[PDB]
Structure formats: structure tokens, C-alpha cells
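Have a look below at one chain only, the form deposited in one PDB entry, in C-alpha cells format.
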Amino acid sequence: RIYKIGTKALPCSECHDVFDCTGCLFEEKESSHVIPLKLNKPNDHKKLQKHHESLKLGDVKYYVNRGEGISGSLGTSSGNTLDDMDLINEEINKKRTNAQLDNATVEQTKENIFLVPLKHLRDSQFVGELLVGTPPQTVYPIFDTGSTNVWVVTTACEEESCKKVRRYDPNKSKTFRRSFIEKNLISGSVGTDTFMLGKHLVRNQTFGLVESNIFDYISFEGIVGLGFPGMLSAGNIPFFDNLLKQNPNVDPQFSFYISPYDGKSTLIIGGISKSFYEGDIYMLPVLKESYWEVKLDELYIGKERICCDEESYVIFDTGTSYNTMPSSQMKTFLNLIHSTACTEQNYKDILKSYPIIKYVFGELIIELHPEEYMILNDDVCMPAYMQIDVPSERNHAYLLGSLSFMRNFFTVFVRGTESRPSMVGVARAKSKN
């Protein structure tokens, strides 16, 4: 559910301070620039099951750093991915069992904490058609509000023994040019080429190229960053800014409809579609233009308030599946929300007692009921949340992703211009009925 408490919400045009009126109503602009999104080709949640159980003992924290993942996403230079949960668990156990082997009086002492750096969190299952070069080659990248640059996996292969599959070969483009870089970046390089997204042409687009078969290491064909221009882009016009500069009649906004079980998922450039949501679109101001990052005031699990006594922020990250909470909040969470047997028809009765999760931004309230944050895995119901600490800043980051948040809320990302700041819009998604 989404609603504003207090005074009835008003159009954002009627605001006094555009930076302070959380929960105002967005002017809806219908757009015809639709980009269908499809399932990326495995939907296996055993990785998240193991991740939860590895937190049972209370001494394990997963973390990522701001900007250090592929394309400027959250990550580290480690080799750990979430797909590596059995290697990770084996190492955790080895490390723990080697340490247990190796007027008022209070006594300071040290406990062992095991940190698991994650390489990146890029694991959305929804990809869209991108056309690259001349004559055009089709790739299916993730469209990622949590990334800044464009990256494409190259799979060029001229030998006769190469498997016959759809490949992206930058040298088959008449218009591809390789750029000169003085940074030794599985290998990375930078080039430029022409792209087509939907009906929009985007020339002179700088992008990174990943070469080695290579999909043993990588789980996406590409990343189109929809973040902000800044140090993380390094003078290279990001894709969406480049689109806007070359297609001047497009309003600087894009929206996302995630409908996993209908095949109707969609990215919309330059506007929204009234058929994707119910009610109004409620606006949150972006506090730090880097990720799409919004100040978080409180967070409730039922009656229990778990946040926020310190500075907290929610990142809307379309390129990641799960929601996240920091390590202290997930202690409470995993005590309050249990995985259970669900079958598939017993599920509405099982979850009848689970608690509502309530995010509070000013007077704007976003609820996730249990059939909105629980997912099915074999015959087991599971909460679609990961424990992720973002230590980079003294503040605490929460992530809202595609499997839980966006499947239930229609989301609008509005770039701030000369007559508006950057904002995220949210509306109840169209009810599948």
C-alpha cells in the first residue's frame, strides 16, 4: 500500500519548497516509448536460502562499497558473488573453526566478526532489447538505476569450433571505434558506437566492453546505467543523458513496470502509462544524486520500530532482485520473519499472521504486506531480503529491488532540471485481475 498521512496530498506544482514536500502528486505524462522487458535466461533462490542460514550465528556480515561494483554499482574488488554461497560458507566455517582453535567495573573484550565482501549485486531477471552498431546487433542488458556507465559483454569468436550462438562482436559494426585508455581493466576496454533503444537513436555513446566462454563468470549480457552523471562516469556522457541531448522532445524521466508472471514488464522512456498503476504517483526527493537515494525516516516490522536512530537512506536499484537491510536490522528481521513451508495454494493462509513492513518517508508511507515480500522456492516460503551493509559512508543504506518492491509498486525516476529536483515516484502497481 502507499498513502500520505496528514494533509491530503497535492500536486507537486503546488509546493512551497520543492525539496521538502515529500508525498506530493506527480503530473502524469503518457509516453509511447515503451521497451518490453523479458526474463533473462535461472530464477534459483537456493542462494538466498543459504545466505539467510549463514547469518544464524550472528557473527557474519555481508558488505559492499559505494561505486566499486561493475559500472559504478555497489560492490568490491573481491571475487565473491552471491552465486558462490557454498564456497563462501566453506570459507566461513574454516575461518571460525581455526579461531576457536587458535566505582563500577566493566571489562572490554573482542569478539570475532567475519565479513564477506560481495563483488557486485547485479542480478535482476528482467532485460531489454538494445541494438548496437551498424548493421545492428541485439543485446539484452539490464537497465540499472544502480549503475552509471554502459557495459556490454563481448562474445566475439571467429574460430570454426566456436558455438553458434547470438554473439556481440564490436568489430562487426561499421561505426564502432575503440577508445584510448591508460587503465588496465576477463578483460575490459572502452569504445564508442551508435545505439538504438526502442525508437530512439543514440550516437557517439561511450561504453565499456568485457571479453574473456565468458558467461561462466558473468550473469548478464550488459548493463545500461541509469544513474547520474558524476565522477563515476568520468566525462563520458551516460546513456540517458546522451539520449536526451540527441532527442530533445523527450522529458527527462523513465518508468518501470515489473509483471513477472504476465510477460507484460516494461520500461517507459520520457513518461509513464496510466494502465500500469492504481491511484496516484507519490514523489520522494532524491537527497544524494548518485544512486537514486532517498532519506528514510523510520522502518517498522509490525509494531516494532527498527529504524532510524541514525542517518538512513533507501536506494532504488532496478538492477538487483532483493531488498536489503543493514546487519543490525536483519538480526531483528530474521527473528520476526521466518521461512516456512508454503506449497502454492496454502500460501495466503500461512502468511495471514506475518507482519506488515512499513517504510516511512516524511508523511509518505509505503507498506509491504507479507504476500508482497515473500517468495516461493520449491515448497518453501522465504523473505526476499538480503543483509547488506554499505560501510562506505557513516550512514546506512537500504535497497529496494525488482523481485519485491518493483513487482508491487510502479516506479518513476524523474531527473531534476532547471525547474525541478530529482525525484522518485511510486504508485501501487496495476492489480493483476
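Think of the rigid core as the biggest set of C-alphas that the two forms share within 1.5 Å after superposition. All residue numbers are counted from 1 along the displayed sequence.
Separately, the form deposited in another entry exists; it is not shown, and the next lines address it.
- Large C-alpha shift between the shown form and the other one, rigid core held fixed: of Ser328, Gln246, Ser259, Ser219, this applies to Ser219 alone, with a displacement of 2 Å or more.
- After superposing the rigid core, the Cα of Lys352 is displaced by less than 2 Å between the shown form and the other one.
- After superposing the rigid core, the Cα of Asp193 is displaced by less than 2 Å between the shown form and the other one.
- Annotation for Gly271: C-alpha shift under 2 angstroms between the shown form and the other one, rigid core superposed.
- Look at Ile375 and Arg122: in the other entry their Cα atoms come 3 Å or more closer than in this form.
- CA of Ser392 to CA of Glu289: closer by 3 Å or more in the other entry than in the shown form.
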